[PDB]
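As structure tokens, the next two blocks hold two forms of the same chain, structure 1 and structure 2.
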Structure 1
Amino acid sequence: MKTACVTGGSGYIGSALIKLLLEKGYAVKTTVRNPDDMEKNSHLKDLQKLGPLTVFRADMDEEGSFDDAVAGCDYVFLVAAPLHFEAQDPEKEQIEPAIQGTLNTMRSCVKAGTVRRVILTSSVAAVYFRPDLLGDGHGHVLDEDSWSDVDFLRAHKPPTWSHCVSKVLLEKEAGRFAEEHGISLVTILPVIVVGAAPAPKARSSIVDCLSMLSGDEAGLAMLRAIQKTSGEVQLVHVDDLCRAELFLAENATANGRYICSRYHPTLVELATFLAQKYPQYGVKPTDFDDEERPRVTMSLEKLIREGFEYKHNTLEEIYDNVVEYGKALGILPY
């Protein structure tokens, strides 16, 4: 019986991953920042009914605090990550702490002497920002060879530039470290993640993918910004991401970084689907009418090439249970 650690069990994806790991007969270790906070961590007790689940206190800013949680683990899923904000000095308040916090947990993995693979959860935010391809007026298909352009981002500092830089640098730094330390690191790069999860305080991409139904202004801005940039948005169901994470850990031939994405609608397609299946929210699809732009899209081929299979393949399946989740979280009024 193998043992896996999921960092940040309080979080959206982390909670879905812990559940999947238990269903597959893994013993699971997870970290939160206050194990005594049973409002935020009630799901961790329920999940104990599926298999062995142990909770630890750890913080990415606190050197060595992950030592106990990763010890004895065959696999470690680095899911926990700091929330973004507009900081007065993003280099010092975000980019550097994101690198250092990643290395911090990397050290606990080496020290554990038992970790066969580290799976790093990053983001297509580390893939898509390409000044050439985005602005040249042509369509493009990006794959795992594409990296977000740190120099252009440091040089021009568009809003939220530090989020892409942090993902790029922490991935590079963690790979450098894994090479120099003889430990196997594989990285997954999700798009917008949709679907229900055990976490009772989840927000994150649930807010964004539901914003057409809720009217959340920041969610809608995010969706429109992505569409303005790429000609569409990209979605993946949370349970396919979790299955993809497990797949990358269990297949010895897995190597490098992997985009994780499944369905790429325009906002008007997405709004028409939501308006039709969930009319009680009053979506007006014409609010998302738009000119057809060049598609700058993520390729899904690498995971497929290697044998992975997605379970939620239509738009309806990707949205199969997220609305109910939104209601139970209060993100939706009813």
Structure 2
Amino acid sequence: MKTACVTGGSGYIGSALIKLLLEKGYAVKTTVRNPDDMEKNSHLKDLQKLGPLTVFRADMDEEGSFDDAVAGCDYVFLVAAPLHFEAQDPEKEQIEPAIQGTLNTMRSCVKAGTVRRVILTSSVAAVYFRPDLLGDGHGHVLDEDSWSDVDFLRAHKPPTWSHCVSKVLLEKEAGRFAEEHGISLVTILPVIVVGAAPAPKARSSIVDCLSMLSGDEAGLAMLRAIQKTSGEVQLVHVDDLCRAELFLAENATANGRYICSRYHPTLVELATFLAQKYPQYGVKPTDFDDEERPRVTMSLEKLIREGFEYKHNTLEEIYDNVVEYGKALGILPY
């Protein structure tokens, strides 16, 4: 029986990974910042009903705190924490702590001497910010060779520049570190993630995809900004993301970084689908009518080439269970 560690077990993606690992016969260790907070971590008790699940305390700013959690693990899933709130000095407050915290966990992985592979969950924040491709007014198909432009982001500091710079640098630093220390590191890069997970206090990762239904002003702004940039948005079901992370840990030939994406609708298509299937929220699809814009899209083909198969392939399947989750979280009123 193989053993896996999932960092950030209180979070959206972390909780979904733990569920899949248990269902697949793994013994799981997970880290949280306060194991006694059973309002935040009640799902970890439920999940113990599926297989061996051990909870540990750990924090990214606390050097070595991940030692006991990763020890004995065949695979380690590093789920990066979402930034959450802005900062006066993003370099000192966000970017640098993101690098350091990632290395901190890397070190606990070498020290375990048992980790066959580390799967880093990042996002396409590290892929898409290309001043040439986004700005030249032509369509483009990006892939895993594309990296967000750190120099341009620091020069002009557009909104979310710090989320993108921190993802790029922490991935590069973790790769540099995995090189010098002989540990296999594979990175996955999700688009907007959709679907239910066990975590009771998730939100950040769910606001964008439900914002047409909720009216969340920040969410809608984000979807519109992505569409203004790229001509569309990109979505993937959380269960396919989780299956992809498992796939990448278990298949020895997997190497480097992988975009994880399945459906790329315009907002009017998405709004139209949501209005038809969930009319109780009064979505007006004409609120998202827009000129057709050049499409700048992230290719999904690398994961496909390696033999992975997505299970949520239509728009409706990608949204198959997220609405009931938004209800339970209070993101939606009913």
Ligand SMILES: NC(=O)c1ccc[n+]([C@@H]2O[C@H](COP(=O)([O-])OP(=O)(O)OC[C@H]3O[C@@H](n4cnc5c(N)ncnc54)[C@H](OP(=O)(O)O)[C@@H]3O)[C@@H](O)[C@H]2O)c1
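Only the largest set of C-alpha atoms that superpose within 1.5 Å between the two forms is called the rigid core. Structure 1 provides the reference sequence; residues are numbered from 1 along it. Shifts are known only where both forms have a C-alpha.
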{"item": "Structure corresponding to the form solved in complex with the ligand", "value": "1"}
{"item": "Rigid-core-superposed Cα shift at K228 between structure 1 and structure 2, Å", "value": "0.6"}
{"item": "Distance the CA of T160 travels between structure 1 and structure 2 [rigid core superposed, Å]", "value": "1.8"}
{"item": "Cα shift between structure 1 and structure 2 at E86, which is computed once both forms share a superposed rigid core (Å)", "value": "2.3"}
{"item": "Sequence-ordered runs, three or more residues, C-alpha shift 2 Å or more between structure 1 and structure 2, rigid core", "value": "82 to 86"}
